[PDB]
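Colleague: Enclosed is the structure file coords39.cif (mmCIF, C-alpha atoms and all ligand atoms).
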data_final
#
loop_
_atom_site.group_PDB
_atom_site.id
_atom_site.type_symbol
_atom_site.label_atom_id
_atom_site.label_comp_id
_atom_site.auth_asym_id
_atom_site.auth_seq_id
_atom_site.Cartn_x
_atom_site.Cartn_y
_atom_site.Cartn_z
ATOM 1 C CA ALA A 1 177.187 -34.667 54.182
ATOM 2 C CA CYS A 2 174.392 -32.605 52.625
ATOM 3 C CA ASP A 3 171.416 -34.292 50.985
ATOM 4 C CA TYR A 4 171.078 -31.047 49.026
ATOM 5 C CA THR A 5 173.774 -28.425 48.524
ATOM 6 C CA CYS A 6 172.562 -25.009 47.339
ATOM 7 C CA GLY A 7 175.647 -22.926 46.659
ATOM 8 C CA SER A 8 177.196 -22.868 50.132
ATOM 9 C CA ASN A 9 174.005 -23.881 51.966
ATOM 10 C CA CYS A 10 173.706 -27.413 53.354
ATOM 11 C CA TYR A 11 170.352 -29.182 53.749
ATOM 12 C CA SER A 12 169.292 -32.597 55.011
ATOM 13 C CA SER A 13 166.133 -34.461 53.968
ATOM 14 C CA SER A 14 164.519 -33.482 57.270
ATOM 15 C CA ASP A 15 165.197 -29.798 56.488
ATOM 16 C CA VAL A 16 163.356 -30.147 53.177
ATOM 17 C CA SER A 17 160.434 -32.129 54.660
ATOM 18 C CA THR A 18 159.846 -29.513 57.358
ATOM 19 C CA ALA A 19 159.937 -26.630 54.883
ATOM 20 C CA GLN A 20 157.722 -28.489 52.400
ATOM 21 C CA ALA A 21 155.107 -29.287 55.027
ATOM 22 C CA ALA A 22 154.875 -25.603 55.963
ATOM 23 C CA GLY A 23 154.555 -24.432 52.361
ATOM 24 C CA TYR A 24 151.977 -27.066 51.455
ATOM 25 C CA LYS A 25 149.735 -26.256 54.441
ATOM 26 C CA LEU A 26 149.676 -22.577 53.385
ATOM 27 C CA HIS A 27 148.939 -23.635 49.813
ATOM 28 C CA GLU A 28 146.006 -25.772 51.016
ATOM 29 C CA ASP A 29 144.664 -22.903 53.162
ATOM 30 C CA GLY A 30 145.015 -20.368 50.342
ATOM 31 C CA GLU A 31 147.279 -18.079 52.366
ATOM 32 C CA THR A 32 150.579 -16.438 51.472
ATOM 33 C CA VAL A 33 153.498 -14.814 53.317
ATOM 34 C CA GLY A 34 156.226 -12.382 52.291
ATOM 35 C CA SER A 35 156.440 -9.694 49.619
ATOM 36 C CA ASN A 36 156.676 -12.301 46.860
ATOM 37 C CA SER A 37 153.558 -14.104 48.148
ATOM 38 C CA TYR A 38 154.921 -17.562 48.966
ATOM 39 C CA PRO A 39 154.056 -20.195 48.191
ATOM 40 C CA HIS A 40 153.274 -19.375 44.561
ATOM 41 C CA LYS A 41 153.173 -21.170 41.215
ATOM 42 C CA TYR A 42 156.528 -22.282 39.806
ATOM 43 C CA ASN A 43 156.267 -22.189 36.006
ATOM 44 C CA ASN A 44 159.512 -24.097 35.405
ATOM 45 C CA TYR A 45 160.881 -21.638 32.808
ATOM 46 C CA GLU A 46 164.167 -23.493 33.315
ATOM 47 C CA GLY A 47 162.755 -26.722 31.931
ATOM 48 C CA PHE A 48 163.944 -28.987 34.728
ATOM 49 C CA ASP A 49 163.082 -32.629 34.131
ATOM 50 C CA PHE A 50 161.086 -33.208 37.333
ATOM 51 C CA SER A 51 159.884 -36.779 37.995
ATOM 52 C CA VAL A 52 156.569 -35.682 39.569
ATOM 53 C CA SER A 53 153.704 -33.932 37.746
ATOM 54 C CA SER A 54 152.728 -30.280 37.401
ATOM 55 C CA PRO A 55 151.445 -27.902 38.775
ATOM 56 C CA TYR A 56 154.502 -26.901 40.812
ATOM 57 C CA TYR A 57 154.779 -24.417 43.688
ATOM 58 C CA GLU A 58 157.905 -22.826 45.161
ATOM 59 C CA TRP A 59 158.457 -22.145 48.859
ATOM 60 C CA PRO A 60 161.621 -20.797 50.517
ATOM 61 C CA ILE A 61 163.852 -23.081 52.551
ATOM 62 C CA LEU A 62 166.142 -21.225 54.973
ATOM 63 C CA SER A 63 169.776 -21.852 55.937
ATOM 64 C CA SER A 64 168.880 -20.792 59.481
ATOM 65 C CA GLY A 65 166.817 -23.954 59.894
ATOM 66 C CA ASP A 66 163.697 -21.947 60.759
ATOM 67 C CA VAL A 67 160.505 -22.106 58.698
ATOM 68 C CA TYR A 68 159.911 -19.153 56.355
ATOM 69 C CA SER A 69 157.472 -16.680 57.926
ATOM 70 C CA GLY A 70 158.107 -13.464 56.014
ATOM 71 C CA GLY A 71 161.071 -11.182 55.454
ATOM 72 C CA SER A 72 163.907 -12.015 53.081
ATOM 73 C CA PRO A 73 163.359 -15.464 51.460
ATOM 74 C CA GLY A 74 167.020 -15.958 50.589
ATOM 75 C CA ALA A 75 168.057 -17.782 47.416
ATOM 76 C CA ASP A 76 166.846 -21.355 48.055
ATOM 77 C CA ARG A 77 163.477 -22.945 47.322
ATOM 78 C CA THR A 78 161.726 -26.270 47.782
ATOM 79 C CA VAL A 79 159.428 -27.101 44.814
ATOM 80 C CA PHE A 80 156.401 -29.308 45.460
ATOM 81 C CA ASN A 81 153.232 -30.196 43.578
ATOM 82 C CA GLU A 82 149.494 -30.437 44.189
ATOM 83 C CA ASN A 83 149.902 -33.894 45.789
ATOM 84 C CA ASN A 84 152.545 -32.591 48.218
ATOM 85 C CA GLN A 85 155.200 -34.551 46.335
ATOM 86 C CA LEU A 86 158.702 -33.079 46.322
ATOM 87 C CA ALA A 87 159.806 -32.064 42.822
ATOM 88 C CA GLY A 88 163.218 -30.751 43.835
ATOM 89 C CA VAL A 89 165.290 -28.134 45.640
ATOM 90 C CA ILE A 90 166.523 -25.176 43.596
ATOM 91 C CA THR A 91 168.460 -21.965 44.110
ATOM 92 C CA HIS A 92 169.252 -18.565 42.584
ATOM 93 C CA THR A 93 172.842 -18.996 43.847
ATOM 94 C CA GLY A 94 175.196 -19.570 40.912
ATOM 95 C CA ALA A 95 172.507 -18.649 38.369
ATOM 96 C CA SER A 96 172.354 -15.381 36.417
ATOM 97 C CA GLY A 97 169.683 -12.835 37.277
ATOM 98 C CA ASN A 98 166.509 -14.362 38.682
ATOM 99 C CA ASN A 99 167.174 -17.778 37.088
ATOM 100 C CA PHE A 100 167.465 -21.010 39.089
ATOM 101 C CA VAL A 101 169.786 -24.018 39.070
ATOM 102 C CA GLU A 102 169.247 -27.285 40.924
ATOM 103 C CA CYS A 103 170.826 -27.917 44.298
ATOM 104 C CA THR A 104 173.248 -30.847 44.011
HETATM 105 N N1 LIG B 1 163.254 -18.183 37.238
HETATM 106 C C1 LIG B 1 161.973 -18.462 37.454
HETATM 107 N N2 LIG B 1 161.188 -17.583 38.068
HETATM 108 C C2 LIG B 1 159.916 -18.021 38.195
HETATM 109 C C3 LIG B 1 159.408 -19.223 37.777
HETATM 110 N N3 LIG B 1 158.056 -19.326 38.068
HETATM 111 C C4 LIG B 1 157.784 -18.187 38.634
HETATM 112 N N4 LIG B 1 158.844 -17.321 38.742
HETATM 113 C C5 LIG B 1 158.755 -15.859 39.122
HETATM 114 O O1 LIG B 1 158.879 -15.035 37.917
HETATM 115 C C6 LIG B 1 159.540 -13.788 38.236
HETATM 116 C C7 LIG B 1 160.789 -13.606 37.374
HETATM 117 O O2 LIG B 1 161.698 -14.707 37.502
HETATM 118 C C8 LIG B 1 159.911 -13.869 39.717
HETATM 119 O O3 LIG B 1 158.885 -13.102 40.396
HETATM 120 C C9 LIG B 1 159.863 -15.399 40.012
HETATM 121 O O4 LIG B 1 159.423 -15.722 41.337
HETATM 122 P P1 LIG B 1 160.416 -15.807 42.564
HETATM 123 O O5 LIG B 1 161.316 -14.663 42.334
HETATM 124 O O6 LIG B 1 159.521 -15.675 43.728
HETATM 125 O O7 LIG B 1 161.055 -17.115 42.414
HETATM 126 C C10 LIG B 1 160.259 -20.126 37.121
HETATM 127 O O8 LIG B 1 159.947 -21.207 36.659
HETATM 128 N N5 LIG B 1 161.542 -19.674 36.997
HETATM 129 CA CA CA B 2 169.620 -28.447 58.984
#
Take the structure I supplied and represent it as structure tokens, if you would.
Ligand SMILES: Nc1nc2c(ncn2[C@@H]2O[C@H](CO)[C@@H](O)[C@H]2OP(=O)(O)O)c(=O)[nH]1
Ligand SMILES: [Ca+2]
Modeller:
Amino acid sequence: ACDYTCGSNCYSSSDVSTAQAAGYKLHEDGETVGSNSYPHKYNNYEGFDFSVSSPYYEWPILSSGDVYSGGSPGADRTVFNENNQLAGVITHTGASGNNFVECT
């Protein structure tokens, strides 16, 4: 079973932890990758009731299992905060336009 299901993509807790660790290290070093400059601030326009505190940052999580290093980011994202606490896993899949919905 999937710990997180983003549309058709299946992720385990270990998948999220690996992705999060990569994104947080780049955040701490002040570096970015990709055309959309990940990781970057996640403003939470959606108004998700996250249990951890702001500020939030989004970083792509890939269905291939590899860590994001540039190129197409896909539709899925891991959202973490300044303390490297996981806020949630979201996706553009099943959401209109550039909006997000939570992965179940
Ligand atoms: N939907 C959405 N997009 C956000 C949010 N915070 C930042 N963004 C960025 O705002 C722009 C319009 O949605 C996009 O560049 C999007 O970035 P990503 O596309 O990299 O997610 C947010 O809370 N919700
Ligand atoms: Ca996996």
Colleague: Set out as JSON lines a contact list for chain A and ligand LIG 1 (chain B) with a cut-off of 10 Å, giving each residue of chain A that qualifies its closest atom pair and distance in Å to one decimal, counting all atoms listed in the file, ordered by chain and rising residue number.
Modeller:
{"residue": "A:34", "atom": "CA", "partner": "B:LIG1", "partner_atom": "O6", "distance": 9.7}
{"residue": "A:35", "atom": "CA", "partner": "B:LIG1", "partner_atom": "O6", "distance": 8.9}
{"residue": "A:36", "atom": "CA", "partner": "B:LIG1", "partner_atom": "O6", "distance": 5.4}
{"residue": "A:37", "atom": "CA", "partner": "B:LIG1", "partner_atom": "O6", "distance": 7.6}
{"residue": "A:38", "atom": "CA", "partner": "B:LIG1", "partner_atom": "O6", "distance": 7.2}
{"residue": "A:39", "atom": "CA", "partner": "B:LIG1", "partner_atom": "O6", "distance": 8.4}
{"residue": "A:40", "atom": "CA", "partner": "B:LIG1", "partner_atom": "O6", "distance": 7.3}
{"residue": "A:41", "atom": "CA", "partner": "B:LIG1", "partner_atom": "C4", "distance": 6.1}
{"residue": "A:42", "atom": "CA", "partner": "B:LIG1", "partner_atom": "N3", "distance": 3.8}
{"residue": "A:43", "atom": "CA", "partner": "B:LIG1", "partner_atom": "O8", "distance": 3.9}
{"residue": "A:44", "atom": "CA", "partner": "B:LIG1", "partner_atom": "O8", "distance": 3.2}
{"residue": "A:45", "atom": "CA", "partner": "B:LIG1", "partner_atom": "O8", "distance": 4.0}
{"residue": "A:46", "atom": "CA", "partner": "B:LIG1", "partner_atom": "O8", "distance": 5.8}
{"residue": "A:47", "atom": "CA", "partner": "B:LIG1", "partner_atom": "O8", "distance": 7.8}
{"residue": "A:48", "atom": "CA", "partner": "B:LIG1", "partner_atom": "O8", "distance": 9.0}
{"residue": "A:56", "atom": "CA", "partner": "B:LIG1", "partner_atom": "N3", "distance": 8.8}
{"residue": "A:57", "atom": "CA", "partner": "B:LIG1", "partner_atom": "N3", "distance": 8.3}
{"residue": "A:58", "atom": "CA", "partner": "B:LIG1", "partner_atom": "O7", "distance": 7.1}
{"residue": "A:59", "atom": "CA", "partner": "B:LIG1", "partner_atom": "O6", "distance": 8.3}
{"residue": "A:60", "atom": "CA", "partner": "B:LIG1", "partner_atom": "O6", "distance": 8.8}
{"residue": "A:73", "atom": "CA", "partner": "B:LIG1", "partner_atom": "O6", "distance": 8.6}
{"residue": "A:75", "atom": "CA", "partner": "B:LIG1", "partner_atom": "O7", "distance": 8.6}
{"residue": "A:76", "atom": "CA", "partner": "B:LIG1", "partner_atom": "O7", "distance": 9.1}
{"residue": "A:77", "atom": "CA", "partner": "B:LIG1", "partner_atom": "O7", "distance": 8.0}
{"residue": "A:90", "atom": "CA", "partner": "B:LIG1", "partner_atom": "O7", "distance": 9.8}
{"residue": "A:91", "atom": "CA", "partner": "B:LIG1", "partner_atom": "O7", "distance": 9.0}
{"residue": "A:92", "atom": "CA", "partner": "B:LIG1", "partner_atom": "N1", "distance": 8.0}
{"residue": "A:95", "atom": "CA", "partner": "B:LIG1", "partner_atom": "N1", "distance": 9.3}
{"residue": "A:96", "atom": "CA", "partner": "B:LIG1", "partner_atom": "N1", "distance": 9.6}
{"residue": "A:97", "atom": "CA", "partner": "B:LIG1", "partner_atom": "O2", "distance": 8.2}
{"residue": "A:98", "atom": "CA", "partner": "B:LIG1", "partner_atom": "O2", "distance": 5.0}
{"residue": "A:99", "atom": "CA", "partner": "B:LIG1", "partner_atom": "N1", "distance": 3.9}
{"residue": "A:100", "atom": "CA", "partner": "B:LIG1", "partner_atom": "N1", "distance": 5.4}
{"residue": "A:101", "atom": "CA", "partner": "B:LIG1", "partner_atom": "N1", "distance": 8.9}
Colleague: Restrict the calculation to only C-alpha atoms and all ligand atoms, then for each residue of chain A with any atom at most 12 Å from an atom of ligand CA 2 (chain B) give the closest atom pair and their distance in Å to one decimal, rows by chain and rising residue number, as CSV.
Modeller:
residue,atom,partner,partner_atom,distance
A:1,CA,B:CA2,CA,10.9
A:2,CA,B:CA2,CA,9.0
A:3,CA,B:CA2,CA,10.1
A:4,CA,B:CA2,CA,10.4
A:5,CA,B:CA2,CA,11.3
A:9,CA,B:CA2,CA,9.5
A:10,CA,B:CA2,CA,7.0
A:11,CA,B:CA2,CA,5.3
A:12,CA,B:CA2,CA,5.8
A:13,CA,B:CA2,CA,8.6
A:14,CA,B:CA2,CA,7.4
A:15,CA,B:CA2,CA,5.3
A:16,CA,B:CA2,CA,8.7
A:17,CA,B:CA2,CA,10.8
A:18,CA,B:CA2,CA,10.0
A:19,CA,B:CA2,CA,10.7
A:61,CA,B:CA2,CA,10.2
A:62,CA,B:CA2,CA,9.0
A:63,CA,B:CA2,CA,7.3
A:64,CA,B:CA2,CA,7.7
A:65,CA,B:CA2,CA,5.4
A:66,CA,B:CA2,CA,9.0
A:67,CA,B:CA2,CA,11.1
Colleague: Using all atoms listed in the file, which of A:7, A:30, A:70, A:23 sits nearest residue 104 of chain A?
Modeller: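 Of all the options, A:7 lies closest to residue 104 of chain A.
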Colleague: What does the distance from atom CA of residue 69 of chain A to atom CA of residue 53 of chain A come to in Å, to one decimal?
Modeller: 26.8 Å
Colleague: May I have the residues within 12 Å of residue 83 of chain A as a PyMOL selection string, using all atoms listed in the file and disregarding those fewer than 4 positions away in the same chain?
Modeller: chain A and resi 20-21+24-25+27-28+52-57+79+87
Colleague: If I take atom CA of residue 86 of chain A and atom CA of residue 8 of chain A, how far is one from the other in Å, to one decimal?
Modeller: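 If I compute the distance from atom CA of residue 86 of chain A to atom CA of residue 8 of chain A, I get 21.5 Å.
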Colleague: Just the number, please: distance in Å from atom CA of residue 49 of chain A to atom CA of residue 6 of chain A, one decimal.
Modeller: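 Calculated distance between atom CA of residue 49 of chain A and atom CA of residue 6 of chain A is 18.0 Å.
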Colleague: How big is the axis-aligned box around the listed atoms of segment 76-85 of chain A once 3 Å is added on each side, and where is its centre? Give both in Å to one decimal, as JSON.
Modeller:
{"center_x": 158.2, "center_y": -28.0, "center_z": 45.9, "size_x": 23.4, "size_y": 19.2, "size_z": 10.6}
Colleague: Give me segment 12-82 of chain A from this structure - C-alpha atoms, as a PDB file, in the first residue's frame.
Modeller:
ATOM      1  CA  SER A  12       6.226   5.281   0.801  1.00  0.00           C
ATOM      2  CA  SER A  13       7.442   7.212   3.856  1.00  0.00           C
ATOM      3  CA  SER A  14      11.030   6.448   2.855  1.00  0.00           C
ATOM      4  CA  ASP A  15      10.393   8.027  -0.571  1.00  0.00           C
ATOM      5  CA  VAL A  16       9.231  11.238   1.110  1.00  0.00           C
ATOM      6  CA  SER A  17      12.093  11.302   3.654  1.00  0.00           C
ATOM      7  CA  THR A  18      14.717  10.950   0.923  1.00  0.00           C
ATOM      8  CA  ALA A  19      13.176  13.696  -1.208  1.00  0.00           C
ATOM      9  CA  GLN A  20      12.707  15.984   1.805  1.00  0.00           C
ATOM     10  CA  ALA A  21      16.308  15.578   2.922  1.00  0.00           C
ATOM     11  CA  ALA A  22      17.531  16.598  -0.536  1.00  0.00           C
ATOM     12  CA  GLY A  23      15.279  19.654  -0.726  1.00  0.00           C
ATOM     13  CA  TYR A  24      16.114  20.816   2.789  1.00  0.00           C
ATOM     14  CA  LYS A  25      19.887  20.589   2.236  1.00  0.00           C
ATOM     15  CA  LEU A  26      19.556  22.813  -0.862  1.00  0.00           C
ATOM     16  CA  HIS A  27      17.375  25.211   1.117  1.00  0.00           C
ATOM     17  CA  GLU A  28      20.026  25.405   3.866  1.00  0.00           C
ATOM     18  CA  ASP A  29      22.795  25.997   1.294  1.00  0.00           C
ATOM     19  CA  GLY A  30      20.792  28.665  -0.542  1.00  0.00           C
ATOM     20  CA  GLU A  31      20.941  26.823  -3.866  1.00  0.00           C
ATOM     21  CA  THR A  32      18.209  25.992  -6.361  1.00  0.00           C
ATOM     22  CA  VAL A  33      17.710  23.586  -9.280  1.00  0.00           C
ATOM     23  CA  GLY A  34      15.358  23.523 -12.260  1.00  0.00           C
ATOM     24  CA  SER A  35      13.571  26.242 -14.215  1.00  0.00           C
ATOM     25  CA  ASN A  36      11.145  26.859 -11.353  1.00  0.00           C
ATOM     26  CA  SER A  37      14.019  27.249  -8.859  1.00  0.00           C
ATOM     27  CA  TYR A  38      13.309  24.447  -6.383  1.00  0.00           C
ATOM     28  CA  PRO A  39      13.064  24.440  -3.516  1.00  0.00           C
ATOM     29  CA  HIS A  40      11.071  27.664  -3.213  1.00  0.00           C
ATOM     30  CA  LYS A  41       8.540  29.212  -0.842  1.00  0.00           C
ATOM     31  CA  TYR A  42       5.107  27.571  -0.749  1.00  0.00           C
ATOM     32  CA  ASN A  43       2.558  30.284   0.061  1.00  0.00           C
ATOM     33  CA  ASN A  44      -0.301  27.857   0.747  1.00  0.00           C
ATOM     34  CA  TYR A  45      -2.850  29.703  -1.435  1.00  0.00           C
ATOM     35  CA  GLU A  46      -4.933  26.540  -1.045  1.00  0.00           C
ATOM     36  CA  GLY A  47      -5.304  27.039   2.689  1.00  0.00           C
ATOM     37  CA  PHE A  48      -4.343  23.523   3.727  1.00  0.00           C
ATOM     38  CA  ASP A  49      -4.568  22.988   7.472  1.00  0.00           C
ATOM     39  CA  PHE A  50      -0.954  21.899   8.046  1.00  0.00           C
ATOM     40  CA  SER A  51      -0.032  20.776  11.585  1.00  0.00           C
ATOM     41  CA  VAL A  52       3.490  22.277  11.456  1.00  0.00           C
ATOM     42  CA  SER A  53       4.325  26.000  11.287  1.00  0.00           C
ATOM     43  CA  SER A  54       5.131  28.323   8.396  1.00  0.00           C
ATOM     44  CA  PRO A  55       7.252  29.190   6.411  1.00  0.00           C
ATOM     45  CA  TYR A  56       6.731  26.317   3.967  1.00  0.00           C
ATOM     46  CA  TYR A  57       8.878  25.248   1.005  1.00  0.00           C
ATOM     47  CA  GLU A  58       7.965  22.943  -1.881  1.00  0.00           C
ATOM     48  CA  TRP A  59      10.324  20.427  -3.477  1.00  0.00           C
ATOM     49  CA  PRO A  60       9.492  17.877  -6.195  1.00  0.00           C
ATOM     50  CA  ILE A  61       9.189  14.198  -5.356  1.00  0.00           C
ATOM     51  CA  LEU A  62       9.561  11.902  -8.380  1.00  0.00           C
ATOM     52  CA  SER A  63       7.699   8.714  -9.328  1.00  0.00           C
ATOM     53  CA  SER A  64      10.978   7.368 -10.712  1.00  0.00           C
ATOM     54  CA  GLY A  65      12.355   7.120  -7.181  1.00  0.00           C
ATOM     55  CA  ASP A  66      15.329   9.333  -8.057  1.00  0.00           C
ATOM     56  CA  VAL A  67      16.014  12.648  -6.325  1.00  0.00           C
ATOM     57  CA  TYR A  68      15.046  15.767  -8.299  1.00  0.00           C
ATOM     58  CA  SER A  69      18.110  17.272  -9.993  1.00  0.00           C
ATOM     59  CA  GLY A  70      16.638  19.436 -12.742  1.00  0.00           C
ATOM     60  CA  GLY A  71      14.445  18.856 -15.768  1.00  0.00           C
ATOM     61  CA  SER A  72      10.704  18.294 -15.537  1.00  0.00           C
ATOM     62  CA  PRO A  73       9.546  18.315 -11.866  1.00  0.00           C
ATOM     63  CA  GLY A  74       6.357  16.375 -12.558  1.00  0.00           C
ATOM     64  CA  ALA A  75       3.168  17.078 -10.608  1.00  0.00           C
ATOM     65  CA  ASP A  76       4.080  15.974  -7.060  1.00  0.00           C
ATOM     66  CA  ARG A  77       5.691  17.945  -4.242  1.00  0.00           C
ATOM     67  CA  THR A  78       6.871  17.401  -0.686  1.00  0.00           C
ATOM     68  CA  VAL A  79       6.219  20.478   1.524  1.00  0.00           C
ATOM     69  CA  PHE A  80       8.525  21.072   4.488  1.00  0.00           C
ATOM     70  CA  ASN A  81       9.247  23.959   6.837  1.00  0.00           C
ATOM     71  CA  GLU A  82      12.222  25.821   8.279  1.00  0.00           C
TER      72      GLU A  82
END
